[PDB]
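Colleague: Make a model of this:
(8 chains, ligands or ions: 1)
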Amino acid sequence: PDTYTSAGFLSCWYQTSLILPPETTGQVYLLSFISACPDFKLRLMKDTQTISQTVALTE
Amino acid sequence: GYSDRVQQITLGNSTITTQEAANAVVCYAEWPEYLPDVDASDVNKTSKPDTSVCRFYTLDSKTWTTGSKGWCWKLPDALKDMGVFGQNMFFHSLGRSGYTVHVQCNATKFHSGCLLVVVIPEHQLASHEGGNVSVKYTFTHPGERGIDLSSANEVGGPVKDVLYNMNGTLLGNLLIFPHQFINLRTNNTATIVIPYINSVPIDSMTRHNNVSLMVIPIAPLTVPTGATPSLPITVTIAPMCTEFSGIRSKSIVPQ
Amino acid sequence: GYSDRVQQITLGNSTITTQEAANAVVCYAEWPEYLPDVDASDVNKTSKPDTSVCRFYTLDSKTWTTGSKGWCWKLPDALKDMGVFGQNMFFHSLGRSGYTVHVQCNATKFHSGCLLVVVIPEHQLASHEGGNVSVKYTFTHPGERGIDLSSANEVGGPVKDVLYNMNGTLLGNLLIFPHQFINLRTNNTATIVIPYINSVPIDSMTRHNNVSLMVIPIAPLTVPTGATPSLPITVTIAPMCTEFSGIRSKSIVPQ
Amino acid sequence: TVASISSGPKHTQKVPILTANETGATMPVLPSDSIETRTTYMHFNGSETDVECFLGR
Amino acid sequence: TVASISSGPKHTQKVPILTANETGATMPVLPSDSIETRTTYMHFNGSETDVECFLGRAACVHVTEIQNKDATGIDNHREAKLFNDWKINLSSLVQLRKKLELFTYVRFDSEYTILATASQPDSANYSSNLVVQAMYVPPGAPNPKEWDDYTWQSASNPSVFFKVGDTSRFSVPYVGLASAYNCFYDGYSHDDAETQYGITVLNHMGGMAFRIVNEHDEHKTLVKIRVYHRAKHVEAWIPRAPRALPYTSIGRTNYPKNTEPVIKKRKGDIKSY
Amino acid sequence: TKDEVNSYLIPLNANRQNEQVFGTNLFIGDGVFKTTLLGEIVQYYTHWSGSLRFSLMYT
Amino acid sequence: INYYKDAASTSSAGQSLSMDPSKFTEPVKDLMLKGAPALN
Amino acid sequence: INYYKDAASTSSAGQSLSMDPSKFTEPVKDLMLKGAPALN
Ligand SMILES: Cc1cc(CCCCCCCOc2ccc(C3=N[C@@H](C)CO3)cc2)on1
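Modeller: Numbers count the residues shown, from 1 in each chain, chains lettered A, B, ... in the order given. Next comes the structure:
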């Protein structure tokens, strides 16, 4: 997360509204995915904050 | 596997997809185009903001209920406040535009109801007072709110009687104007492309509206048993081929 | 009978005539041009309002008096409120522009005085506090008013010391930047054409100003005997080849 | 190499943005399928994401 | 190449020495426009004034220090200089800074040389031989907490190990996010009312971490790191006025208050020699 | 409050009009994005550029 | 001979031998000839 | 120039410059065309 370098926001709203058929009830869910377009570039490799350790593992 | 039924309209930085369309109407079989020189009069070069004005603005939603009489929006008024379209509008002396109108209303296979979506070129409204009472400015410039035909007569406002189209003609004959129906059982959207229609090559965008879009329930909404008795209707509209000319100080309009 | 001396610049719907010019400077010998694809990064089609934004805006006038220290305007800030240029500015995510700057000051053959008119690409100001005090936003975004180098230090504002260009360099060396003098005895206007200069192809128009225009009296104004001791200086500026991209909701900026 | 081609308004019966993810595919949708784009080039090869590079230090 | 051509008496209507400086030009006047000259050749190319040459020699950009000592009971390694760290930057020391800020945007590859020497200010039997390990910790990657964290594994982050007394040398491509590095930036990172002004926000380069790999001996050893930077493949745009007042901060243009007159006052008149 | 299959589900309510379904900023290296494969790889690099593809499947 | 694969690793660049002060010394819009009057 | 006899002793390999995501992004049995309906 850099400010200068920030990319925007993504939001989603009802355009009209969800309508369930009779005999049906409750919440429905959306699943959401993310992937990169063929457009994409990544550069300057470094270490991930996503993994660390405190002592060497053993068998 | 193309159906008349599924469609995508991409205009500017905005896209609409419908999976339950009923073709689309192009008024008088003509598609919006810019103003040719042979038809030009004002000597000013015009400004064509392109993608910053020719995108889709979704007006605030309406609620169709069993008592609804119908709603009416005027163009370019309805868009007088949308993004840069609106700014351009108040800032140039003259402007010209065509539009893509997409009216949306989805339900389920147990609902019934049918809306008429029609575009009327030069819809001069009538005063409910009769005689030669005029319809004040503000009343014919409702903005994005549009006019609600089931609202009460107001003073200086137009008549809101539906069997008479707000002008002394019968609802039944509105079908002579470019229009499309939304029949819950068939359809879920209506799309009409409006070419610029006027008796002058370019005009003022504030003193004269050149089309009213009208959505009118005709077969009443009927929801399945113990369903909520109402559906929202949404109108999204995109200026297309817009041109502005005679830039200056920025109009100040009543109210 | 063409002289270096008389000139006409017509841009959009506005024209300037000077009968006492001293040639014109084109920064770094390059004339403003649009953004080529080979240099492009953002995939968005850009908007080129053309004649509605590329016309001449005359900022409010200044008054040169014997005590004046000099004035400083930032671009695109100075124009943040001019007509549709400004609207476009607040409404798109990114924009890019070059300008024609025309500074005007006429007197008579008995007056003396000489102003330096200079354009500084990336003029990062200094805090008068020293150390690593920053210069708050509002202070570097004076708008059409510009900064008055003879006004008092304020808190969070920049230093206004002229022998140091507001940054730790000497007034005498400002001549390495595109500039032109207005010497009452010679000249009555200064005109500089500014091409877009940045390290990125397009940028934000609100978080970063890319040039400061500076008008600085160097040989003090000297009026004829019993003349009023002051002259007005007027600055008129026109965006040229402007492009906006990434349209949306409309930025909200401090103060 | 182009990173984006130029593309303008669309009003079709051919909708590349509606798909069925249940199929297991990730359909190759691009900016130009849903907004109007301008040409831009990649200027990049993806050199430093090669697995030889990733595991090679 | 001729440096001067031969030129003789003149009595013309064509006066190259009268100009109008108000125009902003510096008219290319030569000795031969106003005196009688003889031919002479240049004998010179201007080789050593090329910007590649001007910015191309190593300059000291940073001096830091770390020590090798028993970390037993140290609650804050960083604080004990058990491993210092440096917020990479190129304006902390001023000789090179004034040189770079003669330009607005600059683009170049860097060649770093790192010299490390040891000091043993208090009684030691000997000089130990320590290996330094300098890591590149770009922004977004775990930054070391103790002098022997998992971080130092540096499995994806370039690191060099060299001996104290020796020198390490490697070269990093131009890592800027834009097309050039901004030597100046009259902007903010966003339209915030209180965000910092300057380039501090733009020159986000991350930091570089040094440590000794050796465990501790009985005495303590001070290791002082000097980083040198040489620009190679230089490209510079838009010349600016040279820096006149002293510097106060990395990344702001600010000068000190009650500074002294920078122009030398004459000892005598305007008329004095 | 603890990782659950449920944080993959965006709920939808019948009959709401005009309202907002979800919101997020686009810091692909943090927040919602961070554990996704995209987020997870982006974190091995310092810089990214390119288009993202965000899709929603209705259930 | 480059011993290394990447371009950053090569030695210093070689003299521009470009040299054109006119963008700085004569950025005027209408060309000025030395010897002709400055202002006509 | 390799100075050594065995292949393991040579430096890093050189960029695949292979790149074909379709085994991962579109392993469907019947080909899907973008723009045509997903399910017919
Ligand atoms: C081991 C090991 C250690 C390293 C360090 C990698 C180098 C990263 C630094 C990148 C260059 O940093 C800068 C910072 C600032 C500027 C600059 N600031 C302005 C005044 C001008 O230039 C230029 C380069 O790599 N491997």
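
Colleague: Give me the neighbour count for residue 5.
Modeller: With no chain named, the answer covers chain A. The local packing of residue A:5 (other CB atoms under 10 Å in any protein chain shown) involves 14 other residues. Any C-beta I mention is one placed from the backbone N, CA and C, and that applies to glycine too.

Colleague: switch to chain G, that's the one I care about
Modeller: What residue G:5 shows, counting by other CB under 10 Å, is a neighbour count of 9.

Colleague: Could you look up the SS state of it?
Modeller: coil (DSSP: H, G, I helix; E, B strand; the rest coil).

Colleague: repeat for residue B:243
Modeller: Once three-state DSSP is applied, residue B:243 turns out strand.

Colleague: wait, it sits on residue B:96?
Modeller: Yes. Between residue B:243 and residue B:96 there is a contact at 5.1 Å, judged by CB atoms under 8 Å.

Colleague: which ones are touching residue D:51?
Modeller: Neighbouring residues of residue D:51 by CB atoms under 8 Å, 6 or more residues apart in numbering or on different chains: residue H:16.

Colleague: how close does it get to chain C?
Modeller: Per CB to the nearest CB, to the nearest Å, residue D:51 is found 28 Å from chain C.

Colleague: Repeat that for residue B:89.
Modeller: 11 Å.

Colleague: What of residue A:18?
Modeller: For residue A:18, the distance to chain C - CB to the nearest CB - is 26 Å.

Colleague: gap between that residue and residue F:19?
Modeller: According to CB to CB, to the nearest Å, residue A:18 and residue F:19 sit 11 Å apart.

Colleague: Comparing those two, which residue is more hemmed in?
Modeller: Counted by other CB under 10 Å, residue A:18 and residue F:19 do not tie: residue A:18 has more neighbours, with 15 against 9.

Colleague: so what's the more buried one bridging to?
Modeller: Counting by DSSP bridges, residue A:18 forms beta bridges with residue F:14.

Colleague: show me where chain G has helices.
Modeller: For chain G, the helices defined by DSSP state H cover G:22-25.

Colleague: interface residues of it facing chain B?
Modeller: For chain G, the contact set with chain B under CB under 8 Å from any CB of the partner chain is empty.

Colleague: How about chain G: which residue is closest to chain D?
Modeller: Nearest residue of chain G to chain D: residue G:6, at 10.0 Å (CB to the nearest CB).

Colleague: Please report the distance of that residue from residue E:174.
Modeller: Taking CB to CB, one finds residue G:6 at 12 Å from residue E:174.

Colleague: dump the residue contacts of the residue nearest to residue F:45 when sequence neighbours are not counted.
Modeller: Excluding its sequence neighbours, the residue lying closest to residue F:45 (CB to CB, 6 or more residues apart in numbering or on different chains) is residue A:42, at 4.1 Å. Neighbouring residues of residue A:42 by CB under 8 Å, 6+ apart: D:48-49, F:41-42, F:44-45, F:47-48.

Colleague: I'd like to know how far residue D:9 sits from chain B.
Modeller: Taken as CB to the nearest CB, the span from residue D:9 to chain B is 5 Å.

Colleague: Against residue D:4, how distant is the most centrally placed residue in chain D?
Modeller: Chain D has residue D:30 as the residue nearest its centroid, 4.0 Å off, counting by CA atoms, centre = their mean. Separation of residue D:30 from residue D:4 (CB to CB): 7 Å.

Colleague: In a helix, the residue nearest to residue F:45, correct?
Modeller: No. Using three-state DSSP, the assignment for residue A:42 is strand, not a helix.

Colleague: What's opposite it in the beta bridge?
Modeller: For residue A:42, the beta-bridge partners under DSSP bridges are residue F:48.

Colleague: what does residue F:23 give?
Modeller: residue A:11.

Colleague: Would you enumerate the residues in contact with the residue of chain D found nearest chain A?
Modeller: Nearest residue of chain D to chain A: residue D:44, at 4.6 Å (CB to the nearest CB). With contacts defined as CB under 8 Å, 6+ apart, residue D:44 is in contact with A:41, A:43.

Colleague: Against chain B, how distant is the nearest residue to residue F:27 once chain neighbours are set aside?
Modeller: Using CB to CB, 6+ apart and skipping residues adjacent in sequence, the residue nearest residue F:27 is residue A:1, 4.6 Å away. Residue A:1 sits 25 Å away from chain B, going by CB to the nearest CB.

Colleague: ok, residue A:1 touching residue F:29?
Modeller: Yes. In this structure residue A:1 lies within contact range of residue F:29 using CB under 8 Å: 6.9 Å.

Colleague: which of those two has more neighbours?
Modeller: residue F:29 (20 against 12).

Colleague: Provide the backbone phi and psi angles at that one.
Modeller: phi -100, psi 10 (degrees, to the nearest 10).

Colleague: Let me see the contact set for it.
Modeller: Applying CB under 8 Å, 6+ apart, the residues contacting residue F:29 are A:1, E:140, F:39, F:42-43.

Colleague: quick revisit: I'd like the distance from the residue of chain D closest to chain A to chain C, if you could.
Modeller: 11 Å.

Colleague: do the same with residue G:35
Modeller: Counting by CB to the nearest CB, the gap from residue G:35 to chain C is 15 Å.

Colleague: can you count the residues close to that residue?
Modeller: Residue G:35: 14 neighbours (other CB under 10 Å).

Colleague: Now do the same contact list for it.
Modeller: Here residue G:35 is in contact with E:14-16 (criterion: CB under 8 Å, 6+ apart).

Colleague: now residue B:221: how far from residue C:236?
Modeller: Going from residue B:221 to residue C:236 by CB to CB gives 60 Å.

Colleague: Could you double-check that residue F:33 sits in contact with residue A:35?
Modeller: No. Look at residue F:33 against residue A:35 with CB under 8 Å: they stay out of range, at 11.4 Å.

Colleague: State the distance from the residue nearest to residue D:33 when sequence neighbours are not counted to residue B:19.
Modeller: Ranked by CB to CB, 6+ apart and with sequence neighbours excluded, the top spatial neighbour of residue D:33 is residue D:16, at 4.4 Å. Between residue D:16 and residue B:19 the computed distance is 14 Å (CB to CB).

Colleague: which one of the two has more residues nearby?
Modeller: A direct count of neighbours by other CB under 10 Å for residue D:16 and residue B:19 places residue D:16 higher, at 19 against 14.

Colleague: Secondary structure element holding that one?
Modeller: For residue D:16, there is no enclosing helix or strand under DSSP states H and E.

Colleague: what about it, distance to residue E:152?
Modeller: 48 Å.

Colleague: Kindly report the same for residue B:169.
Modeller: 85 Å.

Colleague: give me the element the residue of chain D closest to chain A is part of.
Modeller: Here residue D:44 is assigned to no helix or strand, by DSSP H and E.

Colleague: Equivalent analysis for residue B:86, please.
Modeller: helix B:83-91.

Colleague: and that helix, what does it pack onto?
Modeller: strand B:230-247, helix C:83-91 (3 or more CB pairs under 8 Å, 6 or more residues apart in numbering or on different chains; DSSP states H and E).
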